[PDB]
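For reference, the structure discussed in these notes is given below.
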Amino acid sequence: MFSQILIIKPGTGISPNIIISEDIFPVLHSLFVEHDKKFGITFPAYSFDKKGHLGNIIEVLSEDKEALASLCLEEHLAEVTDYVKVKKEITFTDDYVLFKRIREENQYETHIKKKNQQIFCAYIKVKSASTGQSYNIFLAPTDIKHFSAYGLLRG
Amino acid sequence: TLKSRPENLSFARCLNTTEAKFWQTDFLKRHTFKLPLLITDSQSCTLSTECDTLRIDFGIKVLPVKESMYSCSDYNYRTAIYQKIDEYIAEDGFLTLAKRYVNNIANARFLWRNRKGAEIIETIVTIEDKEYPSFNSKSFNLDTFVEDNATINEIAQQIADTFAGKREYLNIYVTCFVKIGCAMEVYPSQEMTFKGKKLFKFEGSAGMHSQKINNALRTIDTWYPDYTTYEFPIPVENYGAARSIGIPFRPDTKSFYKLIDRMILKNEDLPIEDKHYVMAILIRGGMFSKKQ
């Protein structure tokens with residue numbers, strides 16, 4: 001349980017939500033899968049529920065040191081060096097808080113409205129390789145201490 | 001002698017920007033070839049299969065700063081403004097600000113969303129009948145400011161001399177080549193509806209508003225109070241504000257109204273950074289009046 005903090009620079013024109021979506025999360029999927037070892041993702045300053053402001057900070061949860069060095073963050077999320085930062089230290093942070101995946105129900109055509117706008121207050125968008133259908137994944141923050149392919153804790 | 005701002009005070013612009021127009025192009029035959037790019041009916045626009053390059057053409061007009069006041073109801077305030085401007089042209093010949101404006105052209109910030117996910121970006125700048133050596137665009141960060149590049153210095157000298165008053169006009173024409181790939185989206189500017197995303201058409205083709213490019217060139221403010229915490233340039237505004245992250249970076253005694261009613265009403269010599277910000281607001285323009 002040490003760490004590596006990747007930062008989403010502000011300004012830059014493009015919104016940080018889009019930057020999070022496109023660049024980061026594909027590379028992460030891949031990274032996580034081949035490794036398979038269930039990791040996790042630290043979204044510090046994850047502000048409010050009315051909000052959903054994921055923030056400008058990304059940290060990766062790992063177990064061993066070679067545990068996070070397992071992933072070559074730098075060199076991967078590298079080409080994009082003007083919209084994402086890669087810090088260069090592995091810190092053994094202990095005040096971390098884990099993050100969980102809620103869901104929210106499908107549509108009436110696919111009480112629907114009751115579940116709607118209860119979780120709809122993060123909504124990261126991922127395009128699927130096989131089914132070819134883009135969708136939203138919702139997040140949460142929780143007490144569980146000691147996950148899945150997406151970096152979120154398994155259901 | 002002076003008690004308040006007059007009842008009618010206005011400044012005009014000194015950086016006038018034309019609207020942009022889009023074209024399709026192929027990269028290896030770019031300087032012999034050009035095709036229109038139209039909006040495909042929401043509304044969306046995507047490049048053709050046979051082309052892999054977007055082309056942006058726009059131009060800028062540079063006007064002097066003294067001859068940019070449209071109205072003033074008190075001659076004494078006008079004399080005070082002209083005296084403070086000549087005191088600025090004594091120290092710095094509008095050269096740091098002009099270097100920052102050429103730096104925003106070099107950084108290619110005007111390509112707002114169209115900058116992410118490109119593989120080669122080139123920008124050529126034409127003044128008069130001379131084309132200046134091109135730019136690499138992916139070797140300049142969006143948070144620094146280069147001060148040792150010779151071509152940037154050569155453009156910035158002429159821009160600074162035209163704002164000073166030693167020249168009466170300058171016309172700058174800029175072309176940009178962005179290689180995104182075949183069948184990718186181009187993301188043009190969206191119009192205002194007083195439902196559905198309706199995009200903007202200029203002469204049949206697509207393009208950006210001049211306001212969006214002028215917002216890109218004015219991100220030259222690195223002299224705000226809380227600079228050390230968040231270290232990112234902010235666009236120049238009166239009650240200094242950034243729609244990116246929700247925070248008034250100038251609510252109070254560092255705002256333009258107090259800093260101009262602390263230079264002309266109470267003749268105190270301000271630091272050079274605040275003078276830079278006040279002159280940048282005067283190269284932007286606006287209505288600055290006071291009831292009574």
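Naming scheme: A, B, ... for chains in displayed order of the structure tokens; residues 1 onward per chain; ligands 1 onward as shown.
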
Distance cut-off 8 Å, counting only C-alpha atoms - which residues of chain B neighbour chain A? Return them as a list in words.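 Residues passing the distance filter: residues 109, 112, 113, 141, 142, 232, 233, 234, 244 and 245 of chain B.
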
Every residue of region 7-154 of chain B that DSSP places in strand (DSSP E or B), as a PyMOL selection string: chain B and resi 9-11+15-17+21-25+35-36+40+44+46+53-62+69-72+120-127+130-135

Region 277-290 of chain B environment, 8 Å, only C-alpha atoms, sequence neighbours closer than 2 positions dropped, as a ChimeraX atom specification: /B:4-15,65,97,221,223,236-238,256,259-260,273-275,292

Excluding residue 54 (chain B) and any residue of its chain fewer than 5 positions from it, enumerate the residues within 8 Å of it, using only C-alpha atoms, and give them as an MDAnalysis selection string. chainID B and resid 22:25 177:180 186

Neighbour list for residue 4 (chain A) as a PyMOL selection string, cut-off 7 Å, only C-alpha atoms, skip fewer than 4 positions in-chain: chain A and resi 59-60+87+89-91

Using only C-alpha atoms: which of A:136, A:17, A:93, A:148 has the shortest distance to residue 105 (chain A): A:136

Which neighbours of residue 216 (chain B) fall inside 6 Å, counting only C-alpha atoms, when residues of the same chain fewer than 3 positions from it are skipped, and could you give them as a PyMOL selection string? chain B and resi 109-110+213+219

With C-alpha atoms retained, export the selected residues as a PDB file, in the first residue's frame.
```pdb
ATOM      1  CA  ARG B 109      -3.578  27.561 -27.775  1.00  0.00           C
ATOM      2  CA  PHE B 110      -6.192  28.778 -30.313  1.00  0.00           C
ATOM      3  CA  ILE B 213      -9.352  33.076 -30.465  1.00  0.00           C
ATOM      4  CA  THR B 219      -4.158  34.142 -21.318  1.00  0.00           C
TER       5      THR B 219
END
```

Among chain A, which ones does DSSP assign to alpha helix (DSSP H) (computed from the backbone)? Answer as a ChimeraX atom specification. /A:16-19,25-35,65-68,112-115

Restricting the calculation to only C-alpha atoms: of B:123, B:189, B:157, B:46, which residue gets closest to residue 95 (chain B)?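 Of B:123, B:189, B:157, B:46, the one nearest residue 95 (chain B), counting only C-alpha atoms, is B:157.
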
Select, from A:150, A:8, A:118, A:39, the residue with the minimum atom-to-atom distance to residue 51 (chain A), counting only C-alpha atoms.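 Of A:150, A:8, A:118, A:39, the one nearest residue 51 (chain A) is A:118, counting only C-alpha atoms.
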
For residue 126 (chain A), list every protein, DNA or RNA residue within 12 Å, evaluated using only C-alpha atoms, and leave out those in the same chain fewer than 3 positions away; present the list as a list in words. residues 18, 20, 21, 22, 23, 24, 25, 26, 27, 28, 29, 123, 129, 131, 132, 133, 134, 135, 136, 137, 138 and 150 of chain A

Counting only C-alpha atoms, which of A:155, A:88, A:52, A:57 gets nearest to residue 103 (chain A)?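 With only C-alpha atoms as the atom set, the closest residue is A:155.
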
Can you work out which one of B:247, B:134, B:51, B:16 has the shortest atom-to-atom distance to residue 33 (chain B), counting only C-alpha atoms? B:51

Please measure the separation of CA of residue 206 (chain B) and CA of residue 187 (chain B), giving the value in Å to one decimal. 9.8 Å
